[PDB]
Amino acid sequence: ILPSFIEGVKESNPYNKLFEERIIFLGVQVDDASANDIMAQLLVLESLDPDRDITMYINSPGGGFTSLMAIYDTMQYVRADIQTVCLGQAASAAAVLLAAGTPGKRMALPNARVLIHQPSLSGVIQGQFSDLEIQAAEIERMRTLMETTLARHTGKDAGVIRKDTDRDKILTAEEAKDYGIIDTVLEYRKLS
Amino acid sequence: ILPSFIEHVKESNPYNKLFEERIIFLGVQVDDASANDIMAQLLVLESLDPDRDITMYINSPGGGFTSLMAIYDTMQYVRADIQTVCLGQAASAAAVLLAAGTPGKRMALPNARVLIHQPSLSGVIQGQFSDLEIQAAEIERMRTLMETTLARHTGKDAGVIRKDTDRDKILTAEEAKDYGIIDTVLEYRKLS
Amino acid sequence: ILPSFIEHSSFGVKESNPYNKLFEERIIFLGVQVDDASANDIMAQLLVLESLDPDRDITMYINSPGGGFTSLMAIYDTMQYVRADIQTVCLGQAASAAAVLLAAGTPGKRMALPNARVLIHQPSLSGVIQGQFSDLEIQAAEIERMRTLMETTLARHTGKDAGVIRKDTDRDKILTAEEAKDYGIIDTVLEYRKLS
Amino acid sequence: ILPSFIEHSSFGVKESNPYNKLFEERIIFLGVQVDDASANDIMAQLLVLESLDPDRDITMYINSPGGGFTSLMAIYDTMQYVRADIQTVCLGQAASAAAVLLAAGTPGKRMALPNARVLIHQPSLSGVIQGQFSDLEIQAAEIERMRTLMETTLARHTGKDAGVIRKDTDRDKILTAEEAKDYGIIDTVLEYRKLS
Amino acid sequence: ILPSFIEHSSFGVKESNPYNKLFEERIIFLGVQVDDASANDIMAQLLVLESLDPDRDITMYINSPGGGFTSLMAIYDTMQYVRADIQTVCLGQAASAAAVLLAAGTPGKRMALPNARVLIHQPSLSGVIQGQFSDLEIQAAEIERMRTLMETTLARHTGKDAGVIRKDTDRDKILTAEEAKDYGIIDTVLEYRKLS
Amino acid sequence: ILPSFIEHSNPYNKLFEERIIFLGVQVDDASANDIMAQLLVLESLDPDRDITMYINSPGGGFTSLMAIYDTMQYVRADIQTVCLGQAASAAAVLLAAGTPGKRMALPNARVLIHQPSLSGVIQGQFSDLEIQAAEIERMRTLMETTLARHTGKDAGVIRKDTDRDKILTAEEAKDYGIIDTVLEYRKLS
Amino acid sequence: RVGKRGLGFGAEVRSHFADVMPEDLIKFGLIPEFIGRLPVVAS
Amino acid sequence: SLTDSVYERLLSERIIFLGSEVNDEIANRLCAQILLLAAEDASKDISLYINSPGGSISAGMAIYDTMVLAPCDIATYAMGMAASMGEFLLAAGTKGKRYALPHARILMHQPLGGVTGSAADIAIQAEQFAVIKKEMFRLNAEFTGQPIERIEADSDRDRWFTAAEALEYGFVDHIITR
Amino acid sequence: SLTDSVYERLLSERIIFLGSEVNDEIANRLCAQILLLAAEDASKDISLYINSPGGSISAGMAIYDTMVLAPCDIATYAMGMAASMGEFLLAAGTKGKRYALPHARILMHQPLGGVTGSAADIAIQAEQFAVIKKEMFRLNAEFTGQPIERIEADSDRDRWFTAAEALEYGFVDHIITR
Amino acid sequence: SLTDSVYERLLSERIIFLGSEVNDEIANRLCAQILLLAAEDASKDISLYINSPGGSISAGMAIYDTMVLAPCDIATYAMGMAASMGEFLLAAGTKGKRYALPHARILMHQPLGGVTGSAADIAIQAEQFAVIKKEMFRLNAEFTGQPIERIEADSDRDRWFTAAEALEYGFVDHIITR
Ligand SMILES: CC(C)C[C@H](NC(=O)[C@H](Cc1ccccc1)NC(=O)c1cnccn1)B(O)O
Ligand SMILES: CC(C)C[C@H](NC(=O)[C@H](Cc1ccccc1)NC(=O)c1cnccn1)B(O)O
Ligand SMILES: CC(C)C[C@H](NC(=O)[C@H](Cc1ccccc1)NC(=O)c1cnccn1)B(O)O
Ligand SMILES: CC(C)C[C@H](NC(=O)[C@H](Cc1ccccc1)NC(=O)c1cnccn1)B(O)O
Ligand SMILES: CC(C)C[C@H](NC(=O)[C@H](Cc1ccccc1)NC(=O)c1cnccn1)B(O)O
Ligand SMILES: CC(C)C[C@H](NC(=O)[C@H](Cc1ccccc1)NC(=O)c1cnccn1)B(O)O
Ligand SMILES: CC(C)C[C@H](NC(=O)[C@H](Cc1ccccc1)NC(=O)c1cnccn1)B(O)O
Ligand SMILES: CC(C)C[C@H](NC(=O)[C@H](Cc1ccccc1)NC(=O)c1cnccn1)B(O)O
Ligand SMILES: CC(C)C[C@H](NC(=O)[C@H](Cc1ccccc1)NC(=O)c1cnccn1)B(O)O
């Protein structure tokens with residue numbers, strides 16, 4: 001349900017009116033295809049002006065780890081400071097992208113929850129024990145890489161991230177400010 | 001079927017013609033993709049005029065809580081007053097968004113349904129008991145936050161919201177005005 | 001399949017499908033089941049056509065098998081809200097919610113076609129809604145709220161008592177157009193106007 | 001596959017089917033099963049073509065297995081309504097409901113191609129309608145009203161007694177094009193007009 | 001994937017696939033299975049190509065497994081109806097109905113490329129038609145009517161007796177291009193016009 | 001995802017207006033009718049310029065094969081078949097079906113030739129199956145005589161080679177006769 | 001326009017620059033005022 | 001099986017169970033058990049314990065005919081649930097010997113079915129549905145001693161009975177309270 | 001099993017059950033039971049209780065042939081439902097020994113089937129459908145004593161019978177009222 | 001079977017098991033076992049070991065009626081789980097003879113069900129749901145000795161009991177500690 005203003009000219013739905021104002025939107029899960037979309041937008045907005053801040057909106061349930069680090073690297077790569085805003089939820093990989101914003105520019109709405117958790121395998125990976133030794137050293141590497149990523153951005157020790165992401169830690173907006181994932185909780189701006 | 005009509009080059013459906021008149025339409029269940037649509041529309045219409053109010057039509061069976069609080073916080077964030085009109089039903093999150101409008105500006109059609117209930121889980125969330133006591137502290141966080149949210153807006157005590165949302169408290173438009181979810185049962189303007 | 005024609009209007013070379021052309025002549029079309037997604041469409045069209053001209057009549061064509069009650073009362077309230085009189089025409093069936101929307105038109109302006117079918121019946125739960133008996137006591141007081149509200153609605157528009165609607169909508173009361181004219185769902189069977 | 005270009009002209013994304021070409025020459029095309037969505041399309045086109053010119057004849061091409069009865073009587077009433085005469089042409093088949101629409105053309109203007117078949121039979125219920133015996137007595141008085149209405153429709157368009165339609169549509173009565181001319185469904189088995 | 005190339009036309013810009021580029025040259029593809037929607041498309045193309053010039057020959061390229069008998073006779077009668085001569089060219093296969101449409105071209109103008117298969121067989125019921133024995137004797141007299149009509153159709157196009165078609169189509173009489181020329185379905189095994 | 005570039009159009013439009021027909025899907029009736037539409041368009045645009053056919057196909061149906069095969073041989077234009085990755089089963093016959101001297105393959109392209117198969121089981125009476133088995137021998141013999149006239153090998157040599165899956169490389173398909181040159185890389189570095 | 005036959009199973013299909021009319025030139029884009037000021041057509 | 005062994009030992013004590021829906025399989029084995037027990041002793045009563053959600057009319061009419069044509073009395077026992085065909089066969093017991101256990105529930109309603117096929121087939125089905133419903137209401141009026149118009153009005157939708165309400169209405173003759 | 005044990009004890013009393021649809025499995029065990037019971041005593045009657053929705057013609061023709069070729073009389077009993085092949089085998093019983101229990105229903109209709117395959121196959125199927133339907137109507141005319149034109153017209157769609165209507169029509173010889 | 005053999009040997013020792021959900025199949029075999037054991041000895045107690053997640057009300061009311069109408073005492077034993085109908089039948093045992101094994105859990109809650117059909121059907125279902133829930137709460141109030149308002153408030157959602165909590169509440173009379 002979305003009003004598209006169609007037209008041989010630009011279509012201009014509200015997501016175009018987000019993107020022209022340098023707001024990249026991450027509201028779907030972080031799979032490959034969404035990560036591919038975000039990185040294409042992060043580079044385009046860098047090329048349009050590398051000095052104006054890119055804003056990233058995060059209403060994502062999270063998703064895959066390599067798709068996470070695809071977005072993460074591109075957020076960290078571009079010359080523009082990334083302003084991350086949490087909408088509703090920033091769970092799983094999307095909490096890492098929320099912490100991946102520029103310091104001072106990591107925002108959350110007051111009733112947005114931030115869910116941090118260790119990586120999990122989607123389903124069961126079968127195989128020989130030498131295959132599974134590789135897959136388990138992999139998710140331990142994914143776990144360690146997620147912790148040291150959240151260590152860089154929350155200012156905490158990676159062992160503290162390890163103890164806290166042992167289970168699902170759901171933070172509120174104020175609890176994610178105290179943790180270090182966001183920097184400011186957005187106050188309501190309504191004139192009423 | 002949804003027709004269109006060509007304005008002037010551009011092809012607009014009635015949803016475009018609603019949206020150009022500052023009317024955001026919540027007509028599906030509140031999932032991530034619908035909440036992402038509504039938040040994009042709330043920010044576009046605030047940028048177009050932050051003093052001209054935004055009208056939100058709610059014909060919705062409700063849905064996800066983080067998608068709820070994503071719409072909710074964006075409705076509370078924007079400088080424009082939100083005029084929520086209930087159309088047929090506002091169930092669950094949709095009733096919280098119905099109550100989330102600006103005081104004095106929360107409307108419902110006379111045969112609209114307002115259904116409030118506590119949050120649930122769709123199906124069974126598996127896990128260890130340490131996982132489940134966190135998912136249950138989460139659904140209690142979601143229940144308390146919803147009852148707090150209906151306490152800001154209906155003017156009622158959150159303990160009275162808790163006793164009323166024990167089961168489906170289904171309100172008519174007149175019963176939702178006495179409750180505090182809407183402010184005006186919107187009377188018919190038929191000339192005949 | 002729907003062929004699309006071209007209209008040479010004040011502009012000309014304007015491609016139009018028959019449904020855009022109905023809407024241009026202020027004809028809202030309810031041909032699908034009355035669910036939320038359909039009711040969302042019709043209410044958007046009722047408010048656009050009220051805004052384009054609140055004095056000209058909106059025509060509503062009804063070929064619907066009927067559907068959801070809140071989607072019914074979403075369309076119903078918007079038909080009653082707008083300043084424009086609603087001309088409901090039944091084309092084929094108006095069943096369940098649709099016959100209520102057929103009766104919801106402006107008095108004098110409710111039509112059917114001579115072989116149109118008007119099917120009124122009480123609300124039903126589609127499938128089994130389960131839960132505790134306190135949950136089911138709520139859901140059953142709710143479908144009695146829906147049943148009473150449907151009969152109160154059909155009492156306002158047919159001129160019959162709501163208890164008479166309750167006895168008639170015990171089972172599927174299928175009316176023809178002449179039987180729905182005598183009942184009060186419509187008041188014009190709309191004779192054919194073919195020149196031959 | 002259907003060959004169709006999109007001219008743009010910076011005014012539209014303008015589509016051009018061969019069906020758009022047929023509809024410009026006032027040919028409505030019933031080539032799918034008569035369901036609600038088909039009937040909704042056909043009625044919208046009959047009313048557009050009545051508004052474009054109510055004097056020129058609408059042509060209705062019928063290659064259809066036939067479907068729902070209320071979708072049938074939706075199309076049937078809109079055919080009989082419009083001021084334009086309707087030239088029904090049978091393509092390949094007109095079965096069940098589509099043979100009723102084939103007979104519903106203007107007399108003298110009901111055509112069939114020589115190897116088209118016309119399949120008339122009584123209404124059915126696709127699948128089982130469950131319910132209490134009071135519900136089923138309603139649903140069976142309905143299917144008899146549908147059967148009687150189809151027969152009296154085929155009575156007034158074929159010039160047969162409605163009881164003759166009963167004894168003929170007791171089973172599938174497949175007519176050829178020439179057998180449907182003798183029966184009264186069509187008026188002209190359409191001759192080939194090839195140059196060679 | 002199918003590339004839709006752009007032609008700078010009068011109306012702003014025209015965007016055309018290879019099928020519409022060939023449809024501008026009186027070229028029709030029966031390339032899908034002959035069902036209703038295929039037959040509906042081909043009949044719309046054959047009429048549009050007749051009205052643009054009824055004296056310029058239509059080429060119908062046939063690569064089809066064949067299909068429904070009424071969809072067959074819908075295309076068949078329309079091929080025989082139109083003033084323009086039909087040049088049927090078989091590509092790869094013309095099986096079942098498609099071999100009848102291959103034989104349905106204008107005499108002297110029915111081609112097949114050298115490695116095209118031509119498969120003729122009697123009509124079959126896909127799936128099982130259930131019913132009472134009075135229902136089935138109707139369905140069996142109908143497929144005998146379909147079988148006789150197809151053998152009668154292949155009689156006047158191949159120049160054979162319909163009994164000779166009946167012994168041949170008892171099983172899958174599969175013909176090559178040269179075997180279908182001796183049979184009479186095509187008139188010319190179409191030689192390759194490659195300039196090297 | 002396929003990024004476009006309008007009025008310079010996606011990359012398949014740009015290949016087609018440079019007379020490159022693309023076969024990358026399996027050879028079925030839908031893909032055959034697409035290719036034969038494109039072969040007849042590019043013949044009608046100019047019959048004296050070469051049509052290039054790219055083949056990344058796993059192959060498919062025989063009558064869809066010989067539909068494409070005949071139309072490739074039918075058009076006035078010379079067909080330049082390039083193998084891209086794979087030309088399996090039916091698509092290796094189309095790869096051999098290019099104009100002689102104009103059949104390329106990329107150096108790591110696979111060329112897989114095998115005898116025709118019936119996908120699944122065709123049921124029926126033994127007289128139905130005697131027809132269907134004389135037909136798959138018609139298809140087998142026609143495929144081998146098709147590969148005989150395009151590879152220069154005897155049709156009995158094709159028959160012994162296509163007993164099982166004869167996978168050829170690019171260089172092995174050049175020595176076999178399916179392609180005429182293995183296409184050298186022309187990168188400037 | 002020259003060659004505008006009837007379409008379909010109904011009406012009959014028997015009903016350069018020398019067959020030119022202003023109906024063609026209005027479809028071209030010449031306004032009908034411009035054409036009537038050009039009475040003579042050379043081809 | 002154990003479950004068959006307990007039922008076999010209660011078949012020896014002339015105690016049979018209608019414990020499922022009345023389909024043709026459960027009906028034929030009950031008809032077989034009534035024919036077997038009436039062949040053993042034609043003078044000792046058969047106890048038919050009924051815990052049934054109802055079932056097929058013709059299956060229950062097979063049981064009801066085998067109950068009536070048995071020379072021995074069929075004592076019926078509403079055990080938990082005697083719904084639809086199960087209330088029918090409960091009320092079909094020998095009068096004076098129809099029992100409800102005190103927390104059994106009796107559900108009397110009109111027959112359910114389905115119409116399908118052509119309009120000439122459905123006109124026959126409805127004609128036969130009127131025959132079945134008139135005959136089912138005639139026998140429930142005969143069993144309970146209620147008027148047939150009382151049975152018609154009450155069976156129009158689901159009408160539930162407690163044991164005490166079924167005793168007053170006429171489905172059972174006693175409420176067992178031991 | 002218990003259900004097999006009751007049927008075995010009624011097989012000892014020469015009481016067999018057609019209680020399902022007449023498929024080849026139920027037909028072959030009934031044919032086996034008739035061959036078994038006629039081997040034990042060739043002079044004691046076999047009681048065939050029929051609660052059947054009908055079934056395959058050739059399966060019921062196997063039963064009907066085994067009933068006729070049995071040297072002992074086959075008393076048939078319409079128990080609840082004798083539909084299609086079940087009314088046939090009911091009416092196929094020994095005359096004087098065809099019984100309807102008083103609330104059994106008898107459904108006589110023409111054979112159902114399915115046409116499939118090529119047009120030459122379906123012409124053979126229809127030729128054989130005309131042979132089966134003429135033979136099924138000839139035997140129902142022979143059983144009931146009705147004219148074959150009466151059986152043709154009445155079996156054209158579903159024709160339902162009560163026990164008293166089946167007695168008048170000729171399917172059964174008595175209505176058991178004990 | 002072995003599992004049936006152990007249950008048969010415990011049926012000989014008058015020990016029966018409610019070990020599944022209380023559907024009509026498990027209820028009818030328990031009712032059959034209680035009728036079988038009360039026919040053998042009317043004075044020796046039946047031990048009903050209950051490991052049940054609950055089930056159908058009318059199925060458990062069949063068991064509860066067969067428990068009460070049995071002339072012998074039904075000693076009930078909460079074994080692991082007595083939820084819904086399983087706590088009911090646990091508390092339905094003979095007073096003084098209702099036992100919880102010390103790590104059994106008792107789940108008392110209001111009945112679950114489903115509404116479906118037309119609004120006139122659902123009004124009947126809700127009317128009967130109010131009858132079932134009032135009767136189920138009346139008996140749990142009678143069993144436990146709690147007020148019916150206490151049972152109404154506590155059964156509103158799932159209320160879990162340990163063995164010691166069920167002893168205080170009134171479902172069982174003893175906690176077995178051997
Ligand atoms: C914890 C952060 C890093 C990501 C979370 N899950 C993972 O770690 C994800 C699991 C996931 C969850 C939802 C959708 C897709 C994939 N892990 C992976 O992507 C992954 C992939 N291959 C091997 C090992 N892990 B999140 O998606 O719940
Ligand atoms: C009552 C309001 C706040 C929300 C209502 N719905 C919910 O409670 C929804 C239903 C739901 C959907 C998907 C998965 C699990 C649960 N709750 C949630 O969104 C939710 C999500 N994660 C954890 C806990 N609850 B209503 O139906 O909109
Ligand atoms: C008679 C009028 C009021 C409407 C008829 N039935 C209803 O009342 C409809 C039937 C329906 C349709 C779609 C999905 C679910 C239920 N009732 C409802 O919409 C409904 C929805 N939620 C709770 C209770 N009833 B119609 O749809 O047959
Ligand atoms: C003979 C004419 C009237 C139409 C023929 N069949 C019918 O009458 C159709 C068969 C049909 C088609 C689609 C969905 C449901 C039922 N009858 C109906 O439309 C119908 C619909 N609701 C109740 C009763 N009949 B035709 O489609 O075979
Ligand atoms: C031999 C020619 C005439 C036709 C061949 N196919 C057929 O016979 C087709 C296959 C088919 C499709 C649907 C239902 C039943 C049968 N015959 C029919 O079109 C058909 C359709 N309805 C009834 C009887 N036959 B062929 O495959 O095109
Ligand atoms: C070897 C070459 C000629 C073609 C190869 N495949 C085939 O032979 C294909 C595979 C296939 C597909 C569908 C149904 C039956 C068989 N053969 C046919 O097209 C085919 C189709 N119908 C009858 C006989 N052969 B290959 O896998 O593309
Ligand atoms: C006994 C009557 C009054 C009430 C209900 N019985 C029926 O109506 C049963 C329900 C049922 C059972 C099995 C298969 C199909 C249908 N209906 C019939 O058996 C039936 C339906 N139509 C015609 C003849 N018999 B009971 O089973 O709820
Ligand atoms: C008295 C007559 C009607 C007997 C009826 N028999 C049939 O119609 C049965 C129904 C059936 C049973 C099993 C498998 C397939 C079909 N038809 C046949 O057995 C049958 C059908 N076609 C040819 C030969 N036999 B009964 O089952 O309705
Ligand atoms: C002590 C109470 C709660 C007993 C509970 N019983 C029920 O809720 C059971 C659950 C069930 C079992 C089988 C089939 C359908 C439903 N409900 C019923 O049996 C039931 C529901 N509505 C009306 C009448 N009976 B237990 O099973 O949770």
Side-chain angles (χ1 to χ4, degrees), chain A residues 61 89 91 113 115 170, chain B residues 29-31 60-69 91-97 115-123 125 135-136 138-139 141-143 145-147 149-150 165, chain D residues 130 132-133 136, chain E residues 130 132-133 136, chain H residues 21-24 52-61 83-89 107-115 125 128-129 131-133 136-137 140 155 158, chain I residues 21-24 52-61 81 83-89 105 107-115 125 128-129 132-133 136-137 140 155 158:
Chain A
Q89 65 175 351
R113 64 102 180 262
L115 198 154
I170 300 99
Chain B
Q29 67 182 356
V30 185
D31 55 352
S60 176
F65 185 82
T66 61
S67 302
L68 173 65
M69 291 295 110
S92 205
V96 175
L97 296 175
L115 195 149
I116 52 171
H117 66 93
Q118 53 181 349
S120 297
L121 291 181
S122 296
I125 299 300
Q135 294 297 318
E138 178 68 20
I139 200 68
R141 199 267 300 161
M142 292 179 179
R143 184 185 180 185
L145 182 61
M146 188 195 75
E147 293 166 354
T149 306
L150 290 178
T165 59
Chain D
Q130 295 292 324
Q132 292 178 352
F133 279 6
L136 302 174
Chain E
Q130 293 294 112
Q132 292 177 352
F133 279 6
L136 303 172
Chain H
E21 66 177 0
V22 186
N23 54 4
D24 291 331
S52 181
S56 178
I57 289 97
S58 69
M61 283 298 182
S84 167
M85 215 49 200
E87 64 88 12
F88 188 85
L89 295 172
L107 174 63
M108 184 180 68
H109 57 277
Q110 60 174 345
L112 280 81
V115 289
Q125 293 170 359
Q128 181 56 28
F129 291 169
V131 170
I132 293 167
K133 190 165 81 171
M136 284 286 291
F137 288 171
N140 273 319
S155 304
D158 282 335
Chain I
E21 67 177 0
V22 186
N23 54 4
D24 291 331
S52 181
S56 178
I57 289 97
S58 69
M61 283 298 182
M81 179 59 70
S84 155
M85 219 47 207
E87 64 88 12
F88 188 85
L89 295 172
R105 296 188 183 277
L107 174 63
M108 184 180 68
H109 57 277
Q110 60 174 345
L112 280 81
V115 289
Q125 293 170 359
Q128 181 56 28
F129 291 169
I132 293 167
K133 190 165 81 171
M136 284 286 291
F137 288 171
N140 273 319
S155 304
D158 282 335

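Basis for what follows: all heavy atoms, side chains included, without hydrogens, waters or symmetry-related copies. We count ligands from 1, going down the list as the structure has it; atoms in each ligand are counted the same way. Proteins come first, then strands; the chains are lettered A, B, ... in the order of their sequence lines, and each starts at number 1.
- Of the protein's non-hydrogen atoms, the one nearest atom 18 (C) of ligand 2 is B:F65 N, 3.6 Å.
- For atom 5 (C) of ligand 8, the closest non-hydrogen atom of the protein is I:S84 OG, 2.5 Å.
- Annotation for ligand 7: atoms under 4.0 Å from non-hydrogen atoms of H:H109 are 3 (C), 4 (C), 5 (C), 26 (B), 28 (O).
- Between H:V131 and I:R105 the shortest side-chain heavy-atom distance falls below 4.5 Å.
- Of all protein heavy atoms, the one lying nearest to atom 23 (C) of ligand 7 is H:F129 CE2, 3.3 Å.
- For I:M136, every heavy-atom contact with ligand 8 shorter than 4.0 Å involves the side chain, none the backbone.
- Of the inter-residue distances, the one linking D:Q132 atom CD with H:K133 atom NZ reads 8.0 Å to the nearest 0.5 angstrom.
- Annotation: atom 15 (C) of ligand 2 to nearest protein heavy atom, B:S122 N, 3.3 Å.
- Of the options B:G63, A:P61, B:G62, the smallest heavy-atom separation from atom 6 (N) of ligand 2 is shown by B:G63.
- Using a 4.0 Å cut-off to heavy atoms of H:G54, the atoms of ligand 7 that qualify are 27 (O).
- Only side-chain heavy atoms of I:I132 come within less than 4.0 Å of ligand 8; its backbone N, CA, C and O stay farther off.
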Stepwise side chain to side chain contact (heavy atoms under 4.5 Å, CB included) check, I:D158 with H:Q128: CA-CA 10 Å; I:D158 282 335; H:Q128 181 56 28; over 6 Å; no

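- Under the 4.0 angstrom criterion for non-hydrogen atoms, B:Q118 is in contact with ligand 2.
- Selection from B:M142, B:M69, B:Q29 by nearest heavy atom to atom 25 (N) of ligand 2 gives B:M142.
- Heavy-atom proximity to H:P111, at under 4.0 Å, picks out these atoms of ligand 7: 2 (C), 3 (C), 4 (C), 8 (O).
- Contacts between B:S120 and ligand 2, counted as non-hydrogen atom pairs separated by less than 4.0 Å, involve the backbone only.
- Interface of D:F133 with ligand 7, defined as ligand atoms under 4.0 Å from a residue heavy atom, comprises 21 (C), 22 (N), 23 (C).
- At the shortest separation from atom 20 (C) of ligand 7 among protein heavy atoms lies H:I57 CD1, 3.4 Å.
- For a threshold of 3.5 Å applied to N or O pairs, the pair formed by B:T66 and ligand 2 contains no separation below that value.
- The nearest protein atom to atom 14 (C) of ligand 8, hydrogens excluded, is given as I:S56 CB, 4.7 Å; this is a heavy-atom distance.
- Taking every non-hydrogen atom of H:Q110 and a distance limit under 4.0 Å, the qualifying atoms of ligand 7 come out as 3 (C), 4 (C).
- Backbone and side-chain nitrogen or oxygen atoms of H:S58 are examined, and none is located within less than 3.5 angstrom of a nitrogen or oxygen of ligand 7.
- Judged by the shortest distance from any of its heavy atoms, B:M146 lies inside the 4.0 Å radius around the atoms of ligand 2.
- Taking only non-hydrogen atoms, the option from H:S52, H:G113, H:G55 nearest to atom 9 (C) of ligand 7 is H:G55.
- Considering backbone and side-chain N/O atoms, I:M85 never comes within less than 3.5 Å of an N/O atom of ligand 8.
- The shortest contact between atom 8 (O) of ligand 8 and any protein heavy atom is with I:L112 N, 2.6 Å.
- In this structure, B:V30 falls outside the shell of residues with a heavy atom less than 4.0 angstrom from ligand 2.
- Protein heavy atoms come within 4.0 Å of atom 3 (C) of ligand 8.
- Only the side chain of B:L68 comes within 4.0 Å of ligand 2, counting heavy atoms alone; its backbone N, CA, C and O stay farther away.
- Between I:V115 and I:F129, some side-chain heavy-atom pair lies under the 4.5 Å cut-off.
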Side chain to side chain contact (heavy atoms under 4.5 Å, CB included) between H:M136 and H:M108, intermediate numbers included: CA-CA 11 Å; H:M136 284 286 291; H:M108 184 180 68; over 6 Å; no

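- Under a 4.0 Å heavy-atom criterion, B:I139 is in contact with ligand 2.
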Trace of the side chain to side chain contact (heavy atoms under 4.5 Å, CB included) decision for B:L145 with B:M69: CA-CA 9 Å; B:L145 182 61; B:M69 291 295 110; 3.9 Å; yes

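- At a heavy-atom distance under 4.0 Å, no atom of H:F88 approaches ligand 7.
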